[PDB]
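Next comes my_file_21.pdb, with PDB, C-alpha atoms and all ligand atoms.
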```pdb
ATOM      1  CA  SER A   7     267.104 -11.478-130.929  1.00  0.00           C
ATOM      2  CA  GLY A   8     264.352 -10.871-133.540  1.00  0.00           C
ATOM      3  CA  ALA A   9     263.551  -9.460-136.998  1.00  0.00           C
ATOM      4  CA  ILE A  10     260.752  -8.080-139.317  1.00  0.00           C
ATOM      5  CA  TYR A  11     260.404  -9.896-142.635  1.00  0.00           C
ATOM      6  CA  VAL A  12     258.611  -7.638-145.164  1.00  0.00           C
ATOM      7  CA  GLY A  13     258.826  -8.169-148.943  1.00  0.00           C
ATOM      8  CA  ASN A  14     262.479  -8.468-150.007  1.00  0.00           C
ATOM      9  CA  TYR A  15     263.710  -6.858-146.711  1.00  0.00           C
ATOM     10  CA  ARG A  16     264.864  -7.961-143.220  1.00  0.00           C
ATOM     11  CA  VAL A  17     264.712  -5.303-140.413  1.00  0.00           C
ATOM     12  CA  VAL A  18     266.927  -5.844-137.356  1.00  0.00           C
ATOM     13  CA  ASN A  19     268.467  -3.885-134.433  1.00  0.00           C
ATOM     14  CA  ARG A  20     271.657  -2.331-135.908  1.00  0.00           C
ATOM     15  CA  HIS A  21     273.707  -3.496-132.838  1.00  0.00           C
ATOM     16  CA  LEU A  22     272.730  -7.161-133.504  1.00  0.00           C
ATOM     17  CA  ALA A  23     273.177  -7.310-137.356  1.00  0.00           C
ATOM     18  CA  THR A  24     275.173 -10.261-138.796  1.00  0.00           C
ATOM     19  CA  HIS A  25     277.988 -10.262-141.476  1.00  0.00           C
ATOM     20  CA  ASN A  26     275.310 -11.320-144.039  1.00  0.00           C
ATOM     21  CA  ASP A  27     273.148  -8.284-143.088  1.00  0.00           C
ATOM     22  CA  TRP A  28     276.112  -5.950-143.714  1.00  0.00           C
ATOM     23  CA  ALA A  29     277.028  -7.640-147.039  1.00  0.00           C
ATOM     24  CA  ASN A  30     273.382  -7.289-148.279  1.00  0.00           C
ATOM     25  CA  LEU A  31     272.914  -3.777-146.697  1.00  0.00           C
ATOM     26  CA  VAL A  32     270.058  -1.581-147.979  1.00  0.00           C
ATOM     27  CA  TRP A  33     270.015   1.141-145.224  1.00  0.00           C
ATOM     28  CA  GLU A  34     271.254   1.700-141.636  1.00  0.00           C
ATOM     29  CA  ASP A  35     270.884   4.486-139.016  1.00  0.00           C
ATOM     30  CA  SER A  36     272.996   4.340-135.778  1.00  0.00           C
ATOM     31  CA  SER A  37     270.796   7.098-134.247  1.00  0.00           C
ATOM     32  CA  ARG A  38     267.708   4.812-134.610  1.00  0.00           C
ATOM     33  CA  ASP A  39     269.461   1.453-133.828  1.00  0.00           C
ATOM     34  CA  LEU A  40     268.085   0.099-137.209  1.00  0.00           C
ATOM     35  CA  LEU A  41     269.591  -1.855-140.104  1.00  0.00           C
ATOM     36  CA  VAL A  42     267.758  -3.166-143.161  1.00  0.00           C
ATOM     37  CA  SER A  43     269.260  -5.972-145.338  1.00  0.00           C
ATOM     38  CA  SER A  44     267.918  -7.639-148.540  1.00  0.00           C
ATOM     39  CA  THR A  45     266.505 -11.183-148.687  1.00  0.00           C
ATOM     40  CA  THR A  46     265.895 -13.711-151.472  1.00  0.00           C
ATOM     41  CA  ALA A  47     262.651 -15.164-150.043  1.00  0.00           C
ATOM     42  CA  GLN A  48     259.454 -13.059-149.709  1.00  0.00           C
ATOM     43  CA  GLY A  49     258.331 -11.583-146.346  1.00  0.00           C
ATOM     44  CA  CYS A  50     254.682 -11.552-145.307  1.00  0.00           C
ATOM     45  CA  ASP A  51     254.689  -9.152-142.296  1.00  0.00           C
ATOM     46  CA  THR A  52     252.304  -6.228-142.633  1.00  0.00           C
ATOM     47  CA  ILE A  53     253.736  -2.889-141.452  1.00  0.00           C
ATOM     48  CA  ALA A  54     251.268  -0.610-139.657  1.00  0.00           C
ATOM     49  CA  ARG A  55     250.798   2.920-141.064  1.00  0.00           C
ATOM     50  CA  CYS A  56     249.076   4.696-138.122  1.00  0.00           C
ATOM     51  CA  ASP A  57     249.498   6.837-134.928  1.00  0.00           C
ATOM     52  CA  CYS A  58     248.345   4.036-132.493  1.00  0.00           C
ATOM     53  CA  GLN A  59     249.696   4.375-128.960  1.00  0.00           C
ATOM     54  CA  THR A  60     248.511   0.922-127.661  1.00  0.00           C
ATOM     55  CA  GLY A  61     249.628  -2.532-128.774  1.00  0.00           C
ATOM     56  CA  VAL A  62     251.188  -5.881-127.786  1.00  0.00           C
ATOM     57  CA  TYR A  63     254.894  -6.783-127.690  1.00  0.00           C
ATOM     58  CA  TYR A  64     256.708 -10.159-127.409  1.00  0.00           C
ATOM     59  CA  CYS A  65     258.996 -10.454-124.315  1.00  0.00           C
ATOM     60  CA  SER A  66     261.396 -13.392-124.818  1.00  0.00           C
ATOM     61  CA  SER A  67     262.781 -13.145-121.211  1.00  0.00           C
ATOM     62  CA  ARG A  68     259.257 -14.110-120.004  1.00  0.00           C
ATOM     63  CA  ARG A  69     258.157 -16.237-123.101  1.00  0.00           C
ATOM     64  CA  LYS A  70     255.014 -14.041-122.966  1.00  0.00           C
ATOM     65  CA  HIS A  71     253.192 -11.272-124.941  1.00  0.00           C
ATOM     66  CA  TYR A  72     252.260  -8.081-123.037  1.00  0.00           C
ATOM     67  CA  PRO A  73     249.782  -5.305-123.858  1.00  0.00           C
ATOM     68  CA  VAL A  74     251.278  -1.779-123.503  1.00  0.00           C
ATOM     69  CA  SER A  75     250.485   1.931-123.852  1.00  0.00           C
ATOM     70  CA  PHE A  76     253.462   3.600-125.571  1.00  0.00           C
ATOM     71  CA  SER A  77     254.614   7.159-126.296  1.00  0.00           C
ATOM     72  CA  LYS A  78     254.994   9.011-129.629  1.00  0.00           C
ATOM     73  CA  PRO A  79     258.276   8.414-131.525  1.00  0.00           C
ATOM     74  CA  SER A  80     260.818  10.885-130.136  1.00  0.00           C
ATOM     75  CA  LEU A  81     264.528  11.611-129.244  1.00  0.00           C
ATOM     76  CA  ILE A  82     265.318   9.880-125.953  1.00  0.00           C
ATOM     77  CA  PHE A  83     268.657   9.780-124.092  1.00  0.00           C
ATOM     78  CA  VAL A  84     270.148   6.247-123.909  1.00  0.00           C
ATOM     79  CA  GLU A  85     272.944   5.161-121.499  1.00  0.00           C
ATOM     80  CA  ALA A  86     276.369   4.257-122.937  1.00  0.00           C
ATOM     81  CA  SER A  87     276.827   0.580-123.906  1.00  0.00           C
ATOM     82  CA  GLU A  88     279.301  -1.837-125.601  1.00  0.00           C
ATOM     83  CA  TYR A  89     277.685  -0.905-128.965  1.00  0.00           C
ATOM     84  CA  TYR A  90     277.196   2.883-128.663  1.00  0.00           C
ATOM     85  CA  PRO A  91     278.430   5.873-126.616  1.00  0.00           C
ATOM     86  CA  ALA A  92     275.849   7.794-124.470  1.00  0.00           C
ATOM     87  CA  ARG A  93     273.494   9.549-126.981  1.00  0.00           C
ATOM     88  CA  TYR A  94     269.928  10.579-128.031  1.00  0.00           C
ATOM     89  CA  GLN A  95     268.230   7.752-130.003  1.00  0.00           C
ATOM     90  CA  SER A  96     265.641   9.117-132.430  1.00  0.00           C
ATOM     91  CA  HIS A  97     262.276   7.518-133.394  1.00  0.00           C
ATOM     92  CA  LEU A  98     262.122   5.791-129.929  1.00  0.00           C
ATOM     93  CA  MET A  99     258.843   4.976-128.101  1.00  0.00           C
ATOM     94  CA  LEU A 100     258.673   4.163-124.354  1.00  0.00           C
ATOM     95  CA  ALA A 101     256.248   1.930-122.387  1.00  0.00           C
ATOM     96  CA  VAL A 102     255.925   0.589-118.836  1.00  0.00           C
ATOM     97  CA  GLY A 103     256.778  -3.106-119.135  1.00  0.00           C
ATOM     98  CA  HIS A 104     259.434  -5.760-118.565  1.00  0.00           C
ATOM     99  CA  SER A 105     262.561  -5.956-120.745  1.00  0.00           C
ATOM    100  CA  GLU A 106     266.079  -7.443-120.527  1.00  0.00           C
ATOM    101  CA  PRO A 107     269.000  -6.985-123.070  1.00  0.00           C
ATOM    102  CA  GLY A 108     268.221 -10.227-124.988  1.00  0.00           C
ATOM    103  CA  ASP A 109     264.674  -8.937-125.529  1.00  0.00           C
ATOM    104  CA  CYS A 110     265.894  -6.564-128.341  1.00  0.00           C
ATOM    105  CA  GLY A 111     264.256  -7.654-131.620  1.00  0.00           C
ATOM    106  CA  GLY A 112     260.867  -8.606-130.136  1.00  0.00           C
ATOM    107  CA  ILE A 113     258.027  -7.291-132.272  1.00  0.00           C
ATOM    108  CA  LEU A 114     255.474  -4.673-131.155  1.00  0.00           C
ATOM    109  CA  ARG A 115     252.123  -4.832-133.022  1.00  0.00           C
ATOM    110  CA  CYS A 116     248.843  -2.897-133.005  1.00  0.00           C
ATOM    111  CA  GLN A 117     245.505  -3.765-134.785  1.00  0.00           C
ATOM    112  CA  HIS A 118     247.071  -2.405-138.083  1.00  0.00           C
ATOM    113  CA  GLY A 119     250.236  -4.533-138.037  1.00  0.00           C
ATOM    114  CA  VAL A 120     253.922  -4.206-137.080  1.00  0.00           C
ATOM    115  CA  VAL A 121     254.773  -0.967-135.267  1.00  0.00           C
ATOM    116  CA  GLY A 122     258.407  -1.574-134.355  1.00  0.00           C
ATOM    117  CA  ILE A 123     260.989  -3.663-132.441  1.00  0.00           C
ATOM    118  CA  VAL A 124     262.368  -3.730-128.828  1.00  0.00           C
ATOM    119  CA  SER A 125     265.583  -1.677-128.776  1.00  0.00           C
ATOM    120  CA  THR A 126     266.033  -0.218-125.230  1.00  0.00           C
ATOM    121  CA  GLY A 127     264.872  -0.878-121.624  1.00  0.00           C
ATOM    122  CA  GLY A 128     265.648  -0.828-117.906  1.00  0.00           C
ATOM    123  CA  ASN A 129     264.020   0.085-114.556  1.00  0.00           C
ATOM    124  CA  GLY A 130     260.575  -1.291-115.490  1.00  0.00           C
ATOM    125  CA  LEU A 131     260.580   0.539-118.880  1.00  0.00           C
ATOM    126  CA  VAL A 132     260.879  -0.857-122.452  1.00  0.00           C
ATOM    127  CA  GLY A 133     261.854   1.097-125.601  1.00  0.00           C
ATOM    128  CA  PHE A 134     260.679   0.378-129.218  1.00  0.00           C
ATOM    129  CA  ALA A 135     262.366   1.527-132.419  1.00  0.00           C
ATOM    130  CA  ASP A 136     259.446   2.702-134.657  1.00  0.00           C
ATOM    131  CA  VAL A 137     259.281   1.518-138.370  1.00  0.00           C
ATOM    132  CA  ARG A 138     255.878   3.037-139.438  1.00  0.00           C
ATOM    133  CA  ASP A 139     257.583   6.055-141.137  1.00  0.00           C
ATOM    134  CA  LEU A 140     259.693   3.806-143.487  1.00  0.00           C
ATOM    135  CA  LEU A 141     257.146   3.895-146.342  1.00  0.00           C
ATOM    136  CA  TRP A 142     259.668   2.251-148.792  1.00  0.00           C
ATOM    137  CA  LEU A 143     259.508  -1.113-146.943  1.00  0.00           C
ATOM    138  CA  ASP A 144     256.322  -1.821-149.048  1.00  0.00           C
ATOM    139  CA  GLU A 145     257.734  -0.742-152.461  1.00  0.00           C
TER     140      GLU A 145
HETATM  141  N1  LIG A 201     269.412   0.771-128.654  1.00  0.00           N
HETATM  142  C1  LIG A 201     270.417   0.857-127.802  1.00  0.00           C
HETATM  143  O1  LIG A 201     271.154   1.846-127.732  1.00  0.00           O
HETATM  144  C2  LIG A 201     270.623  -0.347-126.897  1.00  0.00           C
HETATM  145  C3  LIG A 201     271.975  -1.027-127.152  1.00  0.00           C
HETATM  146  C4  LIG A 201     272.155  -2.263-126.268  1.00  0.00           C
HETATM  147  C5  LIG A 201     271.963  -1.908-124.803  1.00  0.00           C
HETATM  148  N2  LIG A 201     270.683  -1.207-124.580  1.00  0.00           N
HETATM  149  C6  LIG A 201     269.786  -1.538-123.623  1.00  0.00           C
HETATM  150  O2  LIG A 201     268.810  -0.843-123.394  1.00  0.00           O
HETATM  151  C7  LIG A 201     270.034  -2.802-122.801  1.00  0.00           C
HETATM  152  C8  LIG A 201     270.614  -2.603-121.358  1.00  0.00           C
HETATM  153  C9  LIG A 201     269.278  -3.132-120.855  1.00  0.00           C
HETATM  154  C10 LIG A 201     268.526  -3.433-119.722  1.00  0.00           C
HETATM  155  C11 LIG A 201     267.209  -3.843-119.858  1.00  0.00           C
HETATM  156  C12 LIG A 201     266.648  -3.962-121.125  1.00  0.00           C
HETATM  157  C13 LIG A 201     267.425  -3.678-122.240  1.00  0.00           C
HETATM  158 CL1  LIG A 201     266.716  -3.879-123.809  1.00  0.00          CL
HETATM  159  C14 LIG A 201     268.749  -3.257-122.126  1.00  0.00           C
HETATM  160  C15 LIG A 201     270.489  -0.013-125.410  1.00  0.00           C
HETATM  161 ZN    ZN A 202     247.863   0.991-135.477  1.00  0.00          ZN
END
```

Would you mind writing the structure in this file as structure tokens?
Ligand SMILES: NC(=O)[C@H]1CCCN(C(=O)[C@H]2Cc3cccc(Cl)c32)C1
Ligand SMILES: [Zn+2]
Amino acid sequence: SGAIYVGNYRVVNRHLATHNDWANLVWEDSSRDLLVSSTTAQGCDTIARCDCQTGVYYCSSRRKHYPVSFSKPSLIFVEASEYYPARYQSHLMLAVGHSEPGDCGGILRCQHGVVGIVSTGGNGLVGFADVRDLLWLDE
């Protein structure tokens, strides 16, 4: 579980979105595992606008934050699951680090702000759905 609260928007993993998220839908992309819904209260998270490849993510399965080096957002093959068939997920960034299914939603941050959220993992790797290209989250 986990979300990004910026302005009048809530950003979540598309496979974990609630009925409220779908009834206040702004945008969704199955290929990126993202869904954005509208909120009444204001969000104060700063979104990073950079090409940083180092940062810190929150791992709920260890109740700990971990520093990681991560790759550039790209198309990466993702195993079939209860939410999606086997496919390429776009805008995905990999790192060497611990992750378990319930870790999806944990925030990844660099010195400039919020980079993205945990979305994939397995075998000692963790995947992050990038949000730095969504320039409309601030306007
Ligand atoms: N974005 C997706 O397609 C995910 C849908 C839910 C499943 N998914 C995962 O990667 C799960 C399976 C697993 C094992 C260790 C860590 C994690 Cl985060 C996961 C993929
Ligand atoms: Zn940065």

task = Using the chain letters and numbers from the file, give me the residues hit by the PyMOL selection byres (((chain A and resi 145) around 12) and not hetatm), as a list in words.
result = residues 12, 13, 14, 15, 53, 140, 141, 142, 143 and 144 of chain A

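Using all atoms listed in the file as the basis for the distance check, residues found within 7 Å of ligand LIG 201 (chain A) are residues 21, 39, 84, 85, 87, 89, 90, 95, 105, 106, 107, 108, 109, 110, 124, 125, 126, 127, 128 and 132 of chain A.
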
request  = Give me the result of the PyMOL selection byres (((chain A and resi 133-136) around 10) and not hetatm) on this file, residue by residue, as a count of residues only.
outcome  = 43

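Across the model, the gap from atom CA of residue A:8 to atom CA of residue A:36 is 17.6 Å.
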
ask   = So which residues get picked by the PyMOL selection byres (((not hetatm)) within 6 of (chain A and resi 202)) here, written as a ChimeraX atom specification?
value = /A:54,56,58,116-118

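Going from atom CA of residue A:66 to atom CA of residue A:7 covers 8.6 Å.
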
key: A:50, A:9, A:86, A:42 ranked by distance to residue A:30, top pick (using all atoms listed in the file)   = A:42

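Here atom CA of residue A:73 and atom CA of residue A:60 stand 7.4 Å from one another.
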
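Proximity of A:115, A:69, A:25, A:104 to residue A:51, computed with all atoms listed in the file, is greatest for A:115.
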
What would the file be for stretch 43-73 of chain A if you keep N, CA, C and O atoms and write it as a PDB file, in the first residue's frame?
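Full text of selection-v4.pdb as output:
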```
ATOM      1  N   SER A  43      -6.335   9.871  -9.189  1.00  0.00           N
ATOM      2  CA  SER A  43      -7.686  10.296  -8.804  1.00  0.00           C
ATOM      3  C   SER A  43      -7.650  11.711  -8.157  1.00  0.00           C
ATOM      4  O   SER A  43      -6.607  12.151  -7.661  1.00  0.00           O
ATOM      5  N   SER A  44      -8.800  12.407  -8.141  1.00  0.00           N
ATOM      6  CA  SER A  44      -8.859  13.760  -7.598  1.00  0.00           C
ATOM      7  C   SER A  44      -9.204  13.774  -6.117  1.00  0.00           C
ATOM      8  O   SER A  44      -9.935  12.908  -5.641  1.00  0.00           O
ATOM      9  N   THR A  45      -8.670  14.744  -5.380  1.00  0.00           N
ATOM     10  CA  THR A  45      -8.927  14.852  -3.940  1.00  0.00           C
ATOM     11  C   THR A  45      -9.491  16.225  -3.573  1.00  0.00           C
ATOM     12  O   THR A  45      -9.320  17.186  -4.329  1.00  0.00           O
ATOM     13  N   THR A  46     -10.164  16.321  -2.420  1.00  0.00           N
ATOM     14  CA  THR A  46     -10.720  17.595  -1.995  1.00  0.00           C
ATOM     15  C   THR A  46      -9.660  18.376  -1.223  1.00  0.00           C
ATOM     16  O   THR A  46      -9.529  19.583  -1.418  1.00  0.00           O
ATOM     17  N   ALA A  47      -8.907  17.701  -0.344  1.00  0.00           N
ATOM     18  CA  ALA A  47      -7.856  18.354   0.435  1.00  0.00           C
ATOM     19  C   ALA A  47      -6.597  18.564  -0.407  1.00  0.00           C
ATOM     20  O   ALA A  47      -6.385  17.849  -1.386  1.00  0.00           O
ATOM     21  N   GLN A  48      -5.752  19.538  -0.022  1.00  0.00           N
ATOM     22  CA  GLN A  48      -4.512  19.819  -0.759  1.00  0.00           C
ATOM     23  C   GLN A  48      -3.343  18.889  -0.368  1.00  0.00           C
ATOM     24  O   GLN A  48      -3.164  18.575   0.809  1.00  0.00           O
ATOM     25  N   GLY A  49      -2.549  18.493  -1.359  1.00  0.00           N
ATOM     26  CA  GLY A  49      -1.374  17.646  -1.184  1.00  0.00           C
ATOM     27  C   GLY A  49      -0.111  18.485  -1.149  1.00  0.00           C
ATOM     28  O   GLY A  49      -0.005  19.476  -1.881  1.00  0.00           O
ATOM     29  N   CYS A  50       0.845  18.104  -0.316  1.00  0.00           N
ATOM     30  CA  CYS A  50       2.061  18.889  -0.153  1.00  0.00           C
ATOM     31  C   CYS A  50       3.346  18.153  -0.570  1.00  0.00           C
ATOM     32  O   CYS A  50       4.443  18.621  -0.246  1.00  0.00           O
ATOM     33  N   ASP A  51       3.227  17.041  -1.322  1.00  0.00           N
ATOM     34  CA  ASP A  51       4.409  16.313  -1.791  1.00  0.00           C
ATOM     35  C   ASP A  51       5.005  17.026  -2.993  1.00  0.00           C
ATOM     36  O   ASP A  51       4.303  17.335  -3.950  1.00  0.00           O
ATOM     37  N   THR A  52       6.296  17.201  -2.991  1.00  0.00           N
ATOM     38  CA  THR A  52       7.011  17.824  -4.091  1.00  0.00           C
ATOM     39  C   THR A  52       7.466  16.735  -5.059  1.00  0.00           C
ATOM     40  O   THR A  52       8.098  15.773  -4.625  1.00  0.00           O
ATOM     41  N   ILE A  53       7.127  16.860  -6.347  1.00  0.00           N
ATOM     42  CA  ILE A  53       7.552  15.885  -7.338  1.00  0.00           C
ATOM     43  C   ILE A  53       8.899  16.328  -7.900  1.00  0.00           C
ATOM     44  O   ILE A  53       9.079  17.516  -8.225  1.00  0.00           O
ATOM     45  N   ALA A  54       9.856  15.408  -7.984  1.00  0.00           N
ATOM     46  CA  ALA A  54      11.160  15.730  -8.552  1.00  0.00           C
ATOM     47  C   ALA A  54      11.036  15.871 -10.081  1.00  0.00           C
ATOM     48  O   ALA A  54      10.240  15.190 -10.716  1.00  0.00           O
ATOM     49  N   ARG A  55      11.829  16.756 -10.656  1.00  0.00           N
ATOM     50  CA  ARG A  55      11.873  16.989 -12.097  1.00  0.00           C
ATOM     51  C   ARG A  55      13.373  16.946 -12.430  1.00  0.00           C
ATOM     52  O   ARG A  55      14.036  17.983 -12.454  1.00  0.00           O
ATOM     53  N   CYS A  56      13.914  15.731 -12.627  1.00  0.00           N
ATOM     54  CA  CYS A  56      15.349  15.490 -12.759  1.00  0.00           C
ATOM     55  C   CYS A  56      15.635  14.169 -13.517  1.00  0.00           C
ATOM     56  O   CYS A  56      14.713  13.436 -13.878  1.00  0.00           O
ATOM     57  N   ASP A  57      16.933  13.811 -13.644  1.00  0.00           N
ATOM     58  CA  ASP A  57      17.389  12.540 -14.205  1.00  0.00           C
ATOM     59  C   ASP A  57      18.311  11.802 -13.194  1.00  0.00           C
ATOM     60  O   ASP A  57      19.229  11.095 -13.597  1.00  0.00           O
ATOM     61  N   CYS A  58      18.057  11.989 -11.880  1.00  0.00           N
ATOM     62  CA  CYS A  58      18.727  11.337 -10.761  1.00  0.00           C
ATOM     63  C   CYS A  58      18.610   9.830 -10.926  1.00  0.00           C
ATOM     64  O   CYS A  58      17.549   9.332 -11.285  1.00  0.00           O
ATOM     65  N   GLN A  59      19.669   9.112 -10.632  1.00  0.00           N
ATOM     66  CA  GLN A  59      19.659   7.657 -10.638  1.00  0.00           C
ATOM     67  C   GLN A  59      20.019   7.065  -9.273  1.00  0.00           C
ATOM     68  O   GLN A  59      20.445   5.919  -9.218  1.00  0.00           O
ATOM     69  N   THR A  60      19.957   7.865  -8.189  1.00  0.00           N
ATOM     70  CA  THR A  60      20.213   7.432  -6.809  1.00  0.00           C
ATOM     71  C   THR A  60      19.133   8.084  -5.954  1.00  0.00           C
ATOM     72  O   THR A  60      18.659   9.179  -6.268  1.00  0.00           O
ATOM     73  N   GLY A  61      18.741   7.400  -4.890  1.00  0.00           N
ATOM     74  CA  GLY A  61      17.668   7.858  -4.023  1.00  0.00           C
ATOM     75  C   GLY A  61      17.384   6.906  -2.883  1.00  0.00           C
ATOM     76  O   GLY A  61      18.137   5.966  -2.663  1.00  0.00           O
ATOM     77  N   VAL A  62      16.296   7.144  -2.135  1.00  0.00           N
ATOM     78  CA  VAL A  62      15.930   6.307  -0.990  1.00  0.00           C
ATOM     79  C   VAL A  62      14.465   5.895  -1.126  1.00  0.00           C
ATOM     80  O   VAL A  62      13.602   6.752  -1.380  1.00  0.00           O
ATOM     81  N   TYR A  63      14.167   4.610  -0.924  1.00  0.00           N
ATOM     82  CA  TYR A  63      12.788   4.144  -0.963  1.00  0.00           C
ATOM     83  C   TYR A  63      12.320   3.581   0.410  1.00  0.00           C
ATOM     84  O   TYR A  63      13.147   3.162   1.222  1.00  0.00           O
ATOM     85  N   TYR A  64      11.009   3.603   0.661  1.00  0.00           N
ATOM     86  CA  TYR A  64      10.464   3.027   1.886  1.00  0.00           C
ATOM     87  C   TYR A  64      10.047   1.557   1.637  1.00  0.00           C
ATOM     88  O   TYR A  64       9.229   1.281   0.758  1.00  0.00           O
ATOM     89  N   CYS A  65      10.578   0.619   2.447  1.00  0.00           N
ATOM     90  CA  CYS A  65      10.227  -0.803   2.302  1.00  0.00           C
ATOM     91  C   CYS A  65       9.372  -1.215   3.494  1.00  0.00           C
ATOM     92  O   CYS A  65       9.919  -1.405   4.591  1.00  0.00           O
ATOM     93  N   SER A  66       8.018  -1.327   3.304  1.00  0.00           N
ATOM     94  CA  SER A  66       7.160  -1.635   4.434  1.00  0.00           C
ATOM     95  C   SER A  66       7.387  -3.027   5.007  1.00  0.00           C
ATOM     96  O   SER A  66       7.308  -3.155   6.217  1.00  0.00           O
ATOM     97  N   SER A  67       7.770  -4.028   4.189  1.00  0.00           N
ATOM     98  CA  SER A  67       8.075  -5.391   4.653  1.00  0.00           C
ATOM     99  C   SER A  67       9.291  -5.452   5.600  1.00  0.00           C
ATOM    100  O   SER A  67       9.460  -6.449   6.305  1.00  0.00           O
ATOM    101  N   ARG A  68      10.090  -4.375   5.678  1.00  0.00           N
ATOM    102  CA  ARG A  68      11.191  -4.311   6.636  1.00  0.00           C
ATOM    103  C   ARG A  68      11.049  -3.123   7.607  1.00  0.00           C
ATOM    104  O   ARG A  68      11.941  -2.932   8.444  1.00  0.00           O
ATOM    105  N   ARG A  69       9.970  -2.290   7.476  1.00  0.00           N
ATOM    106  CA  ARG A  69       9.740  -1.051   8.246  1.00  0.00           C
ATOM    107  C   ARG A  69      11.020  -0.191   8.249  1.00  0.00           C
ATOM    108  O   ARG A  69      11.451   0.328   9.293  1.00  0.00           O
ATOM    109  N   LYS A  70      11.663  -0.102   7.066  1.00  0.00           N
ATOM    110  CA  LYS A  70      12.966   0.542   6.911  1.00  0.00           C
ATOM    111  C   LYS A  70      13.069   1.259   5.560  1.00  0.00           C
ATOM    112  O   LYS A  70      12.486   0.792   4.584  1.00  0.00           O
ATOM    113  N   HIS A  71      13.883   2.332   5.504  1.00  0.00           N
ATOM    114  CA  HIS A  71      14.202   3.076   4.277  1.00  0.00           C
ATOM    115  C   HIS A  71      15.557   2.536   3.764  1.00  0.00           C
ATOM    116  O   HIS A  71      16.430   2.150   4.568  1.00  0.00           O
ATOM    117  N   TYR A  72      15.710   2.446   2.443  1.00  0.00           N
ATOM    118  CA  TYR A  72      16.942   1.909   1.868  1.00  0.00           C
ATOM    119  C   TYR A  72      17.450   2.794   0.741  1.00  0.00           C
ATOM    120  O   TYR A  72      16.692   3.172  -0.156  1.00  0.00           O
ATOM    121  N   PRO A  73      18.759   3.094   0.743  1.00  0.00           N
ATOM    122  CA  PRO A  73      19.314   3.876  -0.375  1.00  0.00           C
ATOM    123  C   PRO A  73      19.595   2.943  -1.565  1.00  0.00           C
ATOM    124  O   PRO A  73      20.054   1.802  -1.363  1.00  0.00           O
TER     125      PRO A  73
END
```
